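To keep things clear, I will list the structure first and then write my remarks on it.
Please note: Cβ atoms are built from the backbone with ideal geometry, for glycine as well, and neighbour counts cover all protein chains shown. Here, each number is a calculation from the coordinates, and none is a lab measurement.
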Protein chains: 8
Amino acid sequence: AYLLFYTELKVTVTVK
Amino acid sequence: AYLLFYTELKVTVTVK
Amino acid sequence: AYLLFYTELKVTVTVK
Amino acid sequence: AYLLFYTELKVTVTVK
Amino acid sequence: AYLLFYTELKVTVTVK
Amino acid sequence: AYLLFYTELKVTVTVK
Amino acid sequence: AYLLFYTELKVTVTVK
Amino acid sequence: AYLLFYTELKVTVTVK
């Protein structure tokens, strides 16, 4: 699985 | 799943 | 310095 | 300073 | 599982 | 699950 | 500088 | 500055 970082100043960190 | 960071000076990192 | 994680589903990561 | 995550499948992590 | 960081200036973060 | 950081100058990052 | 992870279930993340 | 991850099963995390 990959860790994915979705930035908006903050970051959402998900695992797919 | 999300990685969740729970801070207290230290951080607990969990995967949900 | 500390890395500080401020959570709101997302996380702001700062260095102090 | 903020840690900034710039995603392209990979992530560039910078400190500003 | 391990988190694995594969660097190229950027990093791919996988979970195995 | 928790992310666990095991330090030796380097860090091993595991998910339990 | 190094990022240093000091674990106690939680982790303190410092920059030296 | 960049955070750089140098892997050997473990990772050294530096800031340049």
Collect the residues in chain F that are of a type in the set (A, V, I, L, M, F, W, C) and free of Cβ contacts under 8 Å to residues at least 12 places away in the same chain, keeping them in residue-number order. F:5, F:9, F:11, F:13
Considering only residues that are in a strand (DSSP E or B) and more than 17 Å from residue F:7 (Cα to Cα), which ones fall in the stretch H:1-14? H:2, H:3
When the stretch E:5-16 is checked residue by residue, the ones that are hydrophobic (A, V, I, L, M, F, W, C) and more than 7 Å from chain H (Cβ to nearest Cβ) are E:9, E:13, E:15
